[PDB]
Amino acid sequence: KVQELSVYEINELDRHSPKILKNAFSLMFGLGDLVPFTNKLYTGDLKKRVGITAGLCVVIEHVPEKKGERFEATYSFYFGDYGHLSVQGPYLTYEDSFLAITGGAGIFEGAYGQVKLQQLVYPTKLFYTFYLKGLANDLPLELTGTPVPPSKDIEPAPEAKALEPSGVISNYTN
């Protein structure tokens, strides 16, 4: 059985991220370029800060026909004391994609399946829907509030941005 889990990834530009290592044959992004990154992670309902994303985008090619890039991404999603989910697969700056769920820890131990990545605002706002299989238990309620429908205009709740107790999960990852 699938448990859907949605999250918002936001680059608030206060984590030194992205760091672009530019090595390619080309002026534009190309093979050789590496982009270590880490962004903030909020619940799908945008009410709470949960943690961070962390990992590496490997540039594969520039896609001039689509005015964008293909990356191959290896990274994790951190949910404070709940644990983390890890993923591998395509990040395309110009369209939605699906990544493999490579595993998890904590409540996410045994996780498998795929996750849909939707870019909302390039490069600062992304929305994910994990189609989670293999979990030992029902996901905690504070993570499964009805998601805010994805649009360019979404914002984390002000109390979550401000890191107030009501706007964070316990020991949210930073």
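In this text, rigid core is short for the largest set of C-alphas that superpose within 1.5 Å between two forms. Start at 1 with the first residue shown and count on from there.
- Greater C-alpha displacement in 6 other deposited structures of this protein (rigid core superposition, RMS over structures and residues), of 118-126 versus 22-30: 22-30.
- Mean CA B-factor, 103-111 versus 58-66: the higher value falls on 58-66.
- Look at the mean CA B-factor for 141-149 and for 33-41 in the entry; the higher one is 141-149.
- Highest CA B-factor among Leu27, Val50, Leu132, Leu126, as stated in the entry: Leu27.
- In the deposited entry, the Cα temperature factor of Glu155 sits in the top third of values across the chain's modelled residues.
- When the modelled residues of the chain are ordered by C-alpha B-factor, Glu164 sits in the highest third.
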